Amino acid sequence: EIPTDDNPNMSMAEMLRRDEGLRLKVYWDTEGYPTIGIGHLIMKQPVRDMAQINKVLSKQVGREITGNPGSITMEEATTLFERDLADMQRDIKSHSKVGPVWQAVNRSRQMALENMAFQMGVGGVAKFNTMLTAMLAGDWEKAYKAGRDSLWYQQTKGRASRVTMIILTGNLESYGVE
């Protein structure tokens, strides 16, 4: 059948630079939230006032942010990403719905779930009840179908397509990883 990849040659940094992009100045996501770096949410409010955004970002980065739009360095983007990744990876493992699935599946399928959690939060992934139930049962076709039967798939179809392919196959060929 289709081979699984239990040790895929791709990091989450690589996967998320690809899916989230890379900004060194503030931009706003599709919900209107100020963002920078590799999907780093600065505030979970649709604030456009750059003086306010920069004051918050300064605390997060550790030095005074200047400019409009506010600017960071690549090192700072990396530091923000490492922390965001660490937070997500801890929480995806412990959450009582997503966590048991993460523990049960191979590293490729874990990366799929981690990718979703970086996009929508661990709580957002937990809403995929049918998908997660199917994954825990090893019913990959049902999990794939459930993942695509979602607002996530309709709104961010490219990303959801390549992520759900990982769930189906257990490899990262949909990200170009042989």
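All residue numbers are counted from 1 along the displayed sequence.
- The stretch 48 to 56 shows the higher mean C-alpha B-factor when 108 to 116 is compared against 48 to 56 in the entry.
- Averaged over Cα atoms, the B-factor as recorded in the entry is higher for 133 to 141 than for the other of 133 to 141 and 31 to 39.
- Looking at the C-alpha B-factors along this chain, the one for residue 126 belongs to the middle third.
- Placement of the Cα temperature factor of residue 146 within the chain: highest third of the modelled residues, per the deposited record.
- Ranked by Cα temperature factor within the chain, residue 165 sits in the middle third according to the deposited record.
- Placement of the Cα temperature factor of residue 10 within the chain: highest third of the modelled residues, per the deposited record.
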